[PDB]
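A short worksheet on the structure shown next.
What follows is calculated from the coordinates using simple rules that are stated; it is not laboratory data. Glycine gets a Cβ as well: all are built from the backbone with ideal geometry, and neighbour counts include every protein chain shown.
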Amino acid sequence: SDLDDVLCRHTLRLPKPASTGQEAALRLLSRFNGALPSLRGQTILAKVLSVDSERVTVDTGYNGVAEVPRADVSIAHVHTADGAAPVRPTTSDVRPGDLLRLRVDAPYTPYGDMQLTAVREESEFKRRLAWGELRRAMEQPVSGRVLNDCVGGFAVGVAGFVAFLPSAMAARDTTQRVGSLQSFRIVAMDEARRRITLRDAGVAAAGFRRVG
Amino acid sequence: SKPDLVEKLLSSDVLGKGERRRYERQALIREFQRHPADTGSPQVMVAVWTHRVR
Amino acid sequence: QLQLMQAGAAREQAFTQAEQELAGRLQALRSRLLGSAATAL
Amino acid sequence: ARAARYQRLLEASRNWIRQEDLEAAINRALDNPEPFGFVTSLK
Amino acid sequence: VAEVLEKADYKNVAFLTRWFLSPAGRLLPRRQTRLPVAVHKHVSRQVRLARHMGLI
Amino acid sequence: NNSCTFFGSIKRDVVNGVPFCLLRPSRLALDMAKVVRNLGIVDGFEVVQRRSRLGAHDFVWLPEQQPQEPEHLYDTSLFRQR
Amino acid sequence: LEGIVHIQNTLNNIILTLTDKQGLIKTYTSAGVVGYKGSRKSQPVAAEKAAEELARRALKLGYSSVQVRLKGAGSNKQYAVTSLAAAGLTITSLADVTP
Amino acid sequence: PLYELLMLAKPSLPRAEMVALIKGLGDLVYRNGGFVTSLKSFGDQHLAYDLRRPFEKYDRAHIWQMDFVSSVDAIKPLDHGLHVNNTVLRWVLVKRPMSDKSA
RNA sequence: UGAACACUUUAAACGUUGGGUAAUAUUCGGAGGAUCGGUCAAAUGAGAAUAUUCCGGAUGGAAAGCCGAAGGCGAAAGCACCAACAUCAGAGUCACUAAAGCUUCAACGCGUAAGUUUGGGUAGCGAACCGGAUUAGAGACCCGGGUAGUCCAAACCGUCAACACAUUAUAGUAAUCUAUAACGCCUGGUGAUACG
């Protein structure tokens with residue numbers, strides 16, 4: 001696994017517009033790690049250095065020091081290495097020395113730094129959640145508020161996103177209880193057109209074939 | 001009957017005469033060569049050019 | 001996938017073997033992400 | 001590959017219709033109209 | 001989005017009214033498709049044939 | 001023509017600050033490059049090839065397995081666009 | 001009665017037209033119709049006077065209602081439609097017909 | 001080279017002669033050593049715009065497609081075949097590759 | 001290097017033939033009875049016979065309106081309705097060829113647009129000729145009708161801030177970084193027009 005990876009690096013090191021000698025240890029030590037092969041939007045383990053009232057000083061290791069507003073920071077992003085959110089008496093006592101879970105939005109600004117903000121965009125949490133759950137249909141319900149009716153179904157504001165449940169996967173009593181919160185199940189989304197498809201969790205998932 | 005339809009498809013009768021003259025152009029390359037499949041000797045060059053100008 | 005490539009097999013069979021041989025950390029991660037999902041909501 | 005083109009043109013030469021039964025093919029195609037509201041696929 | 005078969009040469013109304021035709025009898029330009037520009041130009045040619053066709 | 005091309009490319013990259021000088025090789029370019037490496041005007045030369053347009057298998061320049069210094073044109077015109 | 005209206009506005013002149021449902025046209029009203037010429041015709045008041053006139057004419061016509069079909073990109077045309085709504089002669093329909 | 005023809009047809013005639021019109025075009029491509037692959041209509045569609053500035057025929061027009069393999073010599077008779085008949089208005093003839101990737 | 005073949009990929013490359021069009025002014029009957037045109041602003045006229053318009057019909061050819069863009073193809077000028085014929089071209093892969101390569105003195109072709117000879121008739125466009133305007137005269141700018149020409153097919157002309165003002169080609173990483181190969185041109189300004 002080591003030798004085959006090294007020879008894969010050397011074999012792809014061939015066919016380049018220079019002779020490129022004395023630069024293969026560069027790729028060897030790149031391949032163990034030092035940078036991850038796709039960056040934009042990928043969450044990291046980052047180190048908090050100091051916390052002020054507003055701006056928190058967090059390591060990047062990639063362009064120096066990161067800056068996040070503290071009013072977005074919770075204890076939920078404090079990635080302990082054991083699997084639990086840490087037992088702390090308050091909810092934003094991020095002591096410097098912990099490992100923090102933040103997303104790089106860009107690696108470089110106009111202003112010398114990166115963005116690197118886990119914004120605690122709850123809508124983006126539901127975006128990553130429901131996109132992963134679209135994948136995870138192959139491998140628990142989601143709450144929504146029904147708002148108004150029209151042709152073919154009911155309008156559901158699910159977790160900050162407005163969807164529209166079709167008539168076939170709809171329950172009957174959702175007609176007579178419009179306005180209250182109840183749980184629903186995701187089916188799919190169409191990202192090119194912004195249409196989100198749901199169902200009632202009491203309505204059984206009879207197989208909609210993947211029209212692609 | 002259907003194989004007769006296939007051989008009337010695969011004939012050179014149906015093609016556009018760009019493609020018909022290109023097929024007889026590799027017929028000429030099979031003629032003029034010194035060799036089995038020589039396509040760049042100058043005899044091949046002048047054979048192609050003389051037929052082309054005709 | 002790449003070390004199965006230079007072993008001699010083609011790309012898609014390597015992708016399938018990589019799906020079998022590293023899926024366990026994927027369900028561990030999706031359990032962790034559902035835990036973070038219940039944490040945030 | 002020329003043999004494969006020969007093979008898939010010989011085996012798909014039924015729907016490729018014959019000259020003698022033009023009239024019956026017209027009468028066996030006019031009987032059913034064809035969908036146009038959404039996009040037609042291949043064939 | 002860029003599934004070539006049924007979109008590359010096909011002049012029928014569905015794909016173009018979905019993603020290629022502006023509502024007022026007009027077309028959707030290059031900036032409103034986010035598609036490879038030569039392939040976009042050829043299917044724009046196909047659509048613009050289809051604005052000469054009896055359909056549209 | 002190859003002498004003036006050699007010394008012109010020397011004049012080129014000296015006044016342009018490029019410390020590598022890369023020529024279409026010949027008998028002259030190889031031999032007189034060995035001359036100016038021998039007198040120490042430069043520190044060395046190697047044949048290189050624009051390896052991006054090498055084929056699925058052309059012959060390729062292995063620096064280690066080849067002996068260190070070519071001394072004729074035919075060994076340096078075997079390959080493609082050195 | 002039922003009428004159809006075509007409104008055309010040009011920088012020199014603004015026109016509101018009173019016409020039959022069949023679209024046969026009884027009349028067309030313009031800033032020029034109110035006699036404004038050039039810049040006054042350009043001015044909003046000239047369109048408004050034709051609009052007041054069109055409403056008075058529609059009542060004389062006895063068409064309580066005339067559909068209004070708008071035409072042209074002009075500002076003066078906009079004043080005229082408003083003046084009529086303020087006027088209260090009631091459009092059989094209000095719509096934009098520009099081609 | 002197989003040739004699609006998404007050509008128009010008169011809207012509501014009794015079908016006793018439009019079928020005969022396609023028999024005539026089938027006879028025309030029947031000659032010259034080639035034949036139709038499939039004759040797929042679309043029934044009828046009302047059109048998008050009026051045509052025939054003389055006589056004002058109108059929309060609601062009929063649709064037919066030929067899909068015939070032909071040597072290039074037969075096109076000029078096909079041009080006469082689509083030009084002389086006043087029951088048809090427009091005709092679009094397109095080349096298609098030898099993968100038989102038709103419409 | 002230069003060139004021909006087999007695939008991959010290219011579109012406003014080129015000429016011919018058939019069909020179309022938002023849109024155009026003229027016209028045949030009908031709605032409707034004084035405005036339209038137009039401009040910083042004013043002025044001949046359409047019109048008491050019916051104007052802008054509006055209905056629906058005919059005419060006939062211009063131009064390809066959006067697409068479509070610090071986009072493409074071209075040797076350059078240039079090239080922007082399709083469909084088909086049609087002849088290329090250019091790039092990449094994979095193979096042939098072993099200097100047939102570079103430049104162009106001379107010669108010779110291409111050559112936007114005007115202009116002339118020939119044939120007609122013509123949506124729109126826009127020199128004359130008459131009419132009015134900022135001003136003292138106004139010949140122009142601008143309002144107003146509008147003829148050759150712009151349209152077609154054949155010929156002649158060949159000149160120009162026809163510019164990358166960046167010669168062409170090779171060799172280096174899109175040059176004005178610059179060695180060379182053949183070139184073409186300049187030699188202070190005003191004076192290039194007249195002859196041949």
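Can you go through H:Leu47, H:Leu5, H:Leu89 and tell me which one is surrounded by 13 or more Cβ atoms within 10 Å (Cβ to Cβ), within 24 Å of B:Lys17 (Cβ to Cβ) and within 12 Å of RNA strand I (Cβ to nearest atom)?
Within the list H:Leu47, H:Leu5, H:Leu89, the selection yields H:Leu5.
How about the stretch G:18-99: which strands (runs of 3 or more DSSP E) wholly inside it have at least 1 residues that are away from RNA strand I (no atom under 14 Å from the Cβ)?
By residue number, G:65-71, G:94-96.
Within the stretch B:18-39, is there a residue that is of a type in the set (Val, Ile, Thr), more than 14 Å from chain D (Cβ to nearest Cβ) and either more than 10 Å from RNA strand I (Cβ to nearest atom) or in contact with a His (Cβ under 8 Å, 6 or more places away or on another chain) (or both)?
No, that holds for no residue.
Looking at the stretch E:34-56, I want the residues that are under 13 Å from E:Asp9 (Cβ atoms) and have a partner that is buried (at least 19 other Cβ atoms within 10 Å of the Cβ) and among the aliphatic types (A, V, I, L, M) with Cβ atoms under 6 Å, at least 6 apart or on another chain. Which pairs are those?
E:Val47/E:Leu16; E:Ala50/E:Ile56
I want to confirm something. Restricting to the stretch F:59-74 and keeping residues that are of a type outside the set (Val, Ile, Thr) and within 16 Å of RNA strand I (Cβ to nearest atom), which single residue is nearest to the other protein chains (Cβ to nearest Cβ)?
Filtering the stretch F:59-74 for residues that are of a type outside the set (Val, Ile, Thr) and within 16 Å of RNA strand I (Cβ to nearest atom), the one nearest to the other protein chains (Cβ to nearest Cβ) comes out as F:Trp61.
Taking the residues in the stretch F:1-20 that are surrounded by 12 or more Cβ atoms within 10 Å (Cβ to Cβ) and more than 7 Å from RNA strand I (Cβ to nearest atom) as candidates, determine which candidate is farthest from the other protein chains (Cβ to nearest Cβ).
Here the residue is F:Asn2.
Taking the stretch E:25-35, which residues are over 9 Å from the mean Cα position of the chain (by Cα), more than 6 Å from RNA strand I (Cβ to nearest atom) and more than 12 Å from E:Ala2 (Cα to Cα)?
Within the stretch E:25-35, E:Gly25, E:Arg31, E:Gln32 qualify.
Search the stretch A:12-46 for residues being among the hydroxyl-bearing types (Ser, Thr, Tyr) and surrounded by 11 or more Cβ atoms within 10 Å (Cβ to Cβ), and hand back the single one that is farthest from the chain's Cα centre (by Cα).
Checked the stretch A:12-46; the qualifying residue farthest from the chain's Cα centre (by Cα) is A:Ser19.
Restricting attention to the stretch F:21-58, which residues are hydrophobic (A, V, I, L, M, F, W, C) and either within 13 Å of another protein chain (Cβ to nearest Cβ) or touching a helix residue (DSSP H, G or I) at 6+ places or on another chain (Cβ under 7 Å) (or both)?
F:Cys21, F:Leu22, F:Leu23, F:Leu28, F:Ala29, F:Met32, F:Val42, F:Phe45, F:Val47, F:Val48, F:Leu54, F:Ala56
Can you find a residue in the stretch H:71-81 that is assigned to a loop (DSSP other than H, G, I, E, B) and either within 12 Å of another protein chain (Cβ to nearest Cβ) or within 27 Å of D:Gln7 (Cα to Cα) (or both)?
Looking for residues that are assigned to a loop (DSSP other than H, G, I, E, B) and either within 12 Å of another protein chain (Cβ to nearest Cβ) or within 27 Å of D:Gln7 (Cα to Cα) (or both), one finds at least one in the stretch H:71-81, hence yes.
Would you say A:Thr175 is within 14 Å of chain C (Cβ to nearest Cβ) and either farther than 23 Å from C:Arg30 by Cα or β-branched (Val, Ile, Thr) (or both)?
For A:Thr175, the condition - within 14 Å of chain C (Cβ to nearest Cβ) and either farther than 23 Å from C:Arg30 by Cα or β-branched (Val, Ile, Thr) (or both) - is not met.
Only one residue in F:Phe20, F:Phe6 is aromatic (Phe, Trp, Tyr), more than 18 Å from A:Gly21 (Cβ to Cβ) and within 13 Å of the chain's Cα centre (by Cα), so which one is that?
It is F:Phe6.
Which of the numbered conditions does A:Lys126 fail, given that it passes all the others? Conditions: (1) on the phi > 0 side of the Ramachandran plot; (2) touching a strand residue (DSSP E or B) at 6+ places or on another chain (Cβ under 7 Å); (3) within 14 Å of another protein chain (Cβ to nearest Cβ).
Here A:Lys126 meets the rest and fails (1).
Among the strands (runs of 3 or more DSSP E) confined wholly to the stretch A:1-88, which include 1 or more residues that are within 30 Å of F:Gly55 (Cβ to Cβ) and out of contact with any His (no Cβ under 9 Å at 6 or more places or on another chain)?
It comes to none.
Within the stretch D:28-40, can one find any residue that is over 12 Å from the mean Cα position of the chain (by Cα), of a type in the set (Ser, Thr, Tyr) and more than 9 Å from chain H (Cβ to nearest Cβ)?
no
Of all residues being away from chain C (no Cβ under 12 Å) and among the aliphatic types (A, V, I, L, M) in the stretch A:102-118, which is farthest from A:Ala163 (Cα to Cα)? Just the residue, please.
A:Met114
Check whether at least one residue in the stretch A:104-124 is surrounded by 14 or more Cβ atoms within 10 Å (Cβ to Cβ) and assigned to a helix (DSSP H, G or I), and report yes or no.
yes
Could you check how many residues of the stretch H:5-30 are charged (D, E, K, R) and within 10 Å of another protein chain (Cβ to nearest Cβ)?
The number of residues fulfilling the criteria is 3.
State yes or no: is E:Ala38 of a type outside the set (D, E, K, R), within 9 Å of RNA strand I (Cβ to nearest atom) and under 24 Å from H:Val94 (Cα atoms)?
Yes; evaluated as a whole, the condition is true for this residue.
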